[PDB]
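K.L.:
Here is my input, please return the structure:
(one chain, ligands or ions: 1)
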Amino acid sequence: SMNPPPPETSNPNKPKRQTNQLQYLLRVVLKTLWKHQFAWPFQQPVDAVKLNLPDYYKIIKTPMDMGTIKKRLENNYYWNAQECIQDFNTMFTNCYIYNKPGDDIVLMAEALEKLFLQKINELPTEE
Ligand SMILES: Cc1cnc(Nc2ccc(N3CCN(C)CC3)cc2)nc1Nc1cccc(NS(=O)(=O)C(C)(C)C)c1
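P.N.:
Residues are numbered from 1 along each chain as shown. The relevant structure is shown in the block below.
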């Protein structure tokens with residue numbers, strides 16, 4: 001049943017930075033993916049209660065979603081771009097772990113992942 005607390009979006013004792021890459025990750029990469037027709041399952045933490053998936057957080061112990069990432073970027077939570085890319089990678093990987101190849105949700109993630117890889121290919125060099 002119940003949902004866990006969502007991942008933190010602020011941590012006062014974590015060092016933070018703004019870099020041009022992190023700017024780009026928010027203004028271009030996240031904001032492009034966000035507007036995609038297949039984005040909505042990934043825009044917030046999985047609501048396992050509403051979905052009647054009581055084993056979701058039994059299996060997925062490092063949950064991640066674009067809603068969390070968006071807020072992290074907005075709050076300058078990250079030290080560098082790679083920390084943020086890792087959160088995207090976790091989100092995709094979680095999807096592929098929990099679901100079956102060819103499930104609709106996997107097709108949705110895959111469309112987003114392909115687009116994600118296209119967009120980070122154009123990440124500007126650091127500073
Ligand atoms: C990111 C993600 C990864 N995996 C899955 N798997 C999944 C979802 C639904 C099902 N159904 C199976 C039988 N059926 C009757 C109910 C549900 C099976 C597997 N889902 C995801 N995201 C995702 C998929 C569908 C719906 C929502 N909505 S949500 O969590 O309430 C909100 C609006 C907060 C994002 C969110």
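
K.L.:
Show me what stretch 95-110 is in contact with.
P.N.:
Where contact means Cβ atoms under 8 Å, 6 or more residues apart in numbering, the residues beyond stretch 95-110 that reach it are 38, 41, 42, 56, 59, 60, 91, 92. C-beta: built from backbone N, CA, C; applies to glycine.

K.L.:
so who does residue 63 touch?
P.N.:
4, 6, 7, 45, 46, 57, 94.

K.L.:
Is the last one in contact with residue 60, as I believe?
P.N.:
The reference is to residue 94. Yes: Residue 94 sits in contact with residue 60 when judged by Cβ atoms under 8 Å, with a separation of 5.1 Å.

K.L.:
next one: phi and psi at residue 92?
P.N.:
Taking degrees, to the nearest 10, you get phi -60, psi -50 for the backbone angles of residue 92.

K.L.:
what's the neighbour count on the nearest residue to it once chain neighbours are set aside?
P.N.:
Leaving aside its sequence neighbours, residue 92 sits nearest to residue 113 (Cβ to Cβ, 6 or more residues apart in numbering; 4.9 Å). Under the neighbour criterion other Cβ atoms under 10 Å, residue 113 is assigned a count of 19.
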